[PDB]
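What follows is a single structure, written as structure tokens, with notes after it.
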């Protein structure tokens, strides 16, 4: 409940928003960034080098078939499989048909050669599909078919279901397909899936799927891809909506679960212990409701940490005390590393290298706009030099 | 250029109306720690200390206050709190261990601005008061104690801000703002007004001016030479005095209604930065190289201030002070910036020569940007 | 007895408060702006600022009151008020003279038993016996014109000092015309 040090992050820029966004507002793109506002406004962030400095650039983007009265709900984007080329964008919005919502999904992808990555050209190439349900979250996943890889769209619906949209190489357009064919673990739902994660296993043909719903139900499934069979499946029922679930390896795999009325937790050693080894992150619920989360190395030590953003305008960071350090009294677990404060509720984040130096910036989308945060250059510069001089000294000693 | 979003702040309660010159920050109790002084029209002056939401202590005058200040006017080496009312009164308080004044004296009325500094160069601090009708009067404290008058100047354009700036040759100079982005120099002869003009659209714009902006470390009392002017139609100018003619360093045109001008060192490198605030709460911070940093407070501003303040842990830190219409005063005390421009990491490492030699030893040519990017990623995220 | 006044405009309202602070009359101008509209509002505020003329107003008020009590019947000033001292104070406080007032003043200089005898027969010389120890000073008031004013001439022996006041709302050769004949009358009636 006390930070073990100060925050090494310094704010670089801040672009103001006319109106707010939601947890699905942020998305990747490209090193560019796409942020969508509820009232149709879509912005693209990047940086421009200038001799000896850099300058932030936050331009506006216009997409074809979105009525001025439409309300955007969710947005996503990805890149085509390596055998293919191109960038695909998808936006789900709601027209206001008099008194009833009319949901819609649009997919933008430019097929003209030499312009598959031009965002401006892509901005008007869209399809248009009706829904018959209110969408929740648009995500994407990579599957193996034959001896090749494909990327498909996954959308959770108002009916407790997940709908899969797959490209057709024949007529070059996306079509809805049955979900049970490729994702047998994503069936027989009874609540609205607020977040879904699909973690592949590099170098092999298995994966872990995790999902959390409004009721609190959390399901994890260890699934094969060649035989399309569910090797194992576990589930649990917490309280409150599950705002986030992530799959990561502490060093063995583990799952981070972030609810809204309870502390965030981590279940360790899934493939060996299921959902019994539960470690709770201390004091991570004294700052209202946790809305976002992220697992990455915000420490430059080579090992991951856990970031938690709350509605109480807080950015807690938790670090894992490895048992290799050997302190079984305060045994292997998570303790608060540092903590930062903001002015508006925090809604989304991303860890991406915008500047282009190899250091990764943290982009935080809050109620009022987009903040960019950078590692303290003084600290990061003095830290590179020590490592480099150690490297060269070691080379001299071990070479002679 | 880049915009920022300061977060940490303290809100203080304040019920009353005030002029834009009735607020200051300085050491009134002589403890090397700054305190906040605000003079309300009612006839009471509130002093806030640390981060209490209530006034640390109140001192009651008679009449409506117009100017407040903290300084060693008595030349005794101890700072005192001095208040000037609208009807020509002059109250003094000492708060170094309610609060009836320790000294009163009537002076000419219609007071607008006030300054405490040694202008002639005799080692004794003089008092300067600028009135609402283009009349400036100088006074000095003389022990029997009592203020005695000195030279008085008369001007045409309105008077908005007084300053003391080191002249071309190691001597203090009294400078006054004159409308139309102009100013005047007052000669302390003991023509007496030398007008100067600085382009321009109107000739009645209200102008504000600040002088004696530091330029290095440990060279505060050792020199000056820079000053700045701001016009209500959104124009800032920073220029240096020197001997022949006043060289203009830079000019900036914004589209807001600038009404305040201060100086503050936020980067911590010794140089001081120009701080301007508009009526709607937009704030600009510019260093000596036209590098702008913006900060928007989404309210409406009655009065503004900037300087060192002691809010937490008994430390003096740079602070920005805003007065809102909702009976509140916001003090931001975490305004320090690591730098003013934006650079990533490669340009910052490129300056150092050790990094060049240490990479040349490794046999990698530092001109292949992707290769160095890969090396830095390996060094930063995979240290083993 | 605090007083308030208002004036609305497209940019917003302008409020004025008039009140009393010890021995002073105080006027405060507020503002409420309910960019071009803001610039116009600021210009109008400055325009209103330059027309308070709170200085010329007090000048003319004092000078009109002195000519209204030159008769000595006005209830404005009661007994025990040395008008010479008040006039000297006023001249000291405003030696430069405002550029917007309507009235004008001028002062000059030009035995004791003779003064007392003349005061005894003041009505013979068309003077006044008004007394402020009750020192008495002579004074003569007459209406004149030039291009309508009231010219009052007050003489007090101290060697005597004479003040000439010309009384005509705020918006000299006429003063010199009376100044020339001021001392002439004294010289001719000093027999």
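No Cβ is skipped: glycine too gets one built from the backbone with ideal geometry, and neighbour counts run over all protein chains shown. We did not get these values from a lab; they are worked out from the coordinates using the rules stated.
Any idea which residue in the range B:105-119 is farthest from residue B:139 (Cα to Cα), counting only those that are within 14 Å of chain C (Cβ to nearest Cβ) and assigned to a loop (DSSP other than H, G, I, E, B)?
Only one residue tops the list, namely B:110.
Does the range B:1-36 hold any residues that are surrounded by 15 or more Cβ atoms within 10 Å (Cβ to Cβ), assigned to a strand (DSSP E or B) and within 14 Å of another protein chain (Cβ to nearest Cβ), and which are they?
Scanning the range B:1-36 gives B:2, B:3, B:9, B:10.
How do the strands (runs of 3 or more DSSP E) wholly within the range C:69-180 filter down when requiring 2 or more residues that are more than 16 Å from the chain's Cα centre (by Cα) and surrounded by fewer than 17 Cβ atoms within 10 Å (Cβ to Cβ): which remain?
Result: C:104-109, C:138-144.
What strands (runs of 3 or more DSSP E) completely inside the range B:284-384 contain at least 3 residues that are touching a strand residue (DSSP E or B) at 6+ places or on another chain (Cβ under 9 Å) and more than 10 Å from every other protein chain (Cβ to nearest Cβ)?
Qualifying strands (runs of 3 or more DSSP E): B:301-310, B:316-324, B:328-332.
Please go through the range B:82-104 and give me each residue that is in a loop (DSSP other than H, G, I, E, B) and surrounded by fewer than 16 Cβ atoms within 10 Å (Cβ to Cβ), ordered by number.
Across the range B:82-104, the qualifying residues are B:96, B:97, B:98, B:100, B:102.
Looking at A:185, A:167, A:116, can you tell me which residue is touching a strand residue (DSSP E or B) at 6+ places or on another chain (Cβ under 9 Å) and either exposed (fewer than 14 other Cβ atoms within 10 Å of the Cβ) or within 25 Å of residue A:232 (Cα to Cα) (or both)?
Answer to the check: A:185.
Restricted to the range A:359-382, and to residues that are surrounded by fewer than 18 Cβ atoms within 10 Å (Cβ to Cβ) and over 25 Å from residue A:308 (Cβ atoms), which residue is farthest from the other protein chains (Cβ to nearest Cβ)?
A:382
Table: residues versus (1) surrounded by 13 or more Cβ atoms within 10 Å (Cβ to Cβ); (2) over 15 Å from the mean Cα position of the chain (by Cα); (3) under 25 Å from residue B:214 (Cβ atoms).
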site	(1), (2), (3)
B:276	yes, no, yes
B:280	yes, yes, no
B:291	yes, yes, yes
B:302	yes, yes, no
B:334	yes, yes, yes
B:339	yes, yes, yes
B:375	yes, yes, no
B:379	yes, yes, no
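Working only within the range C:20-50, note down all residues that are under 29 Å from residue B:89 (Cβ atoms) and either away from chain B (no Cβ under 14 Å) or assigned to a strand (DSSP E or B) (or both).
Once the filter is applied, which keeps residues that are under 29 Å from residue B:89 (Cβ atoms) and either away from chain B (no Cβ under 14 Å) or assigned to a strand (DSSP E or B) (or both), the range C:20-50 yields C:20, C:21, C:24, C:25, C:26, C:27, C:28, C:29.
Can you spot a residue in the range A:351-358 that is more than 12 Å from chain B (Cβ to nearest Cβ) and either buried (at least 20 other Cβ atoms within 10 Å of the Cβ) or over 17 Å from the mean Cα position of the chain (by Cα) (or both)?
no
Residues of the range B:37-80 being within 14 Å of another protein chain (Cβ to nearest Cβ) and outside any loop (DSSP other than H, G, I, E, B), which ones?
Selection gives B:65, B:66.
I need a count of the residues in the range C:2-58 that are closer than 21 Å to residue B:85 by Cα and more than 29 Å from the chain's Cα centre (by Cα).
Matching residues across the range C:2-58 total 1.
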